[PDB]
């Protein structure tokens, strides 16, 4: 068994049953092998999520060097949008990818993101803090979105006379404008802050 098959199968299985439902019983069933073969090539669930995480992110990343022109603003801006699509590409993607940024498998990506940023003048400390901020905001909005959809089912439909006025004008607004304008609004905030 090659690592590649193990992980593509784990992803198909992630869509089917979710991060919580991802057992070694089921992954083996899918790969058509006995479980000791699987424990031969993956230990704990955490090693599996780490490899899924970088595959997920890899699929959505451009495999070119940057343009040579590019500004740090655009580089952060596409990085953010690329990450968003990766997180939205699979059930529970955000839950998978949280905390993977400085695992072994993203040492390559992180070195290149740090390099570019210092390339364009960021001290090492501002690059770290810039990437992390942009990283977690993106992952956060995707988590929040998942939740609002799952939660609206488990709570009584709300009455719009019981709201105060500004809160009504506001509920309606979020509902109507959807998910993405919020995300891009925050991403533009962080980048403007960075211009300094």
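Residue numbers count along the first chain shown, from 1.
Engineer: Averaging the C-alpha B factors as listed in the entry, name the stretch that ends up higher: 162-170 or 141-149.
Structural biologist: Result: 162-170.
Engineer: Could you settle it for me: does 31-39 or 152-160 have the higher average Cα B factor in the PDB entry?
Structural biologist: The recorded data point to 152-160.
Engineer: Is the Cα B-factor recorded for residue 47 in the lowest, middle or highest third of its chain?
Structural biologist: It belongs to the middle third of the chain when residues are ordered by C-alpha B-factor.
Engineer: Quick check on the deposited entry: does the C-alpha B-factor of residue 108 sit in the lowest, middle or highest third of its chain?
Structural biologist: According to the entry, residue 108 has a C-alpha B-factor in the chain's lowest third.
Engineer: Consider only the C-alpha atoms of the modelled residues in this chain, order them by B-factor as the entry records it, and name the third containing residue 54: lowest, middle or highest.
Structural biologist: It belongs to the lowest third of the chain when residues are ordered by C-alpha B-factor.
Engineer: Considering only modelled residues of the same chain, in which third does the CA B-factor of residue 67 rank: lowest, middle or highest?
Structural biologist: Highest third - that is where residue 67 ends up once the chain's C-alpha B-factors are sorted.
Engineer: Taking the C-alpha B-factors as the PDB entry records them, is residue 61 in the lowest, middle or highest third of its chain?
Structural biologist: Tercile = highest for this residue's CA B-factor.
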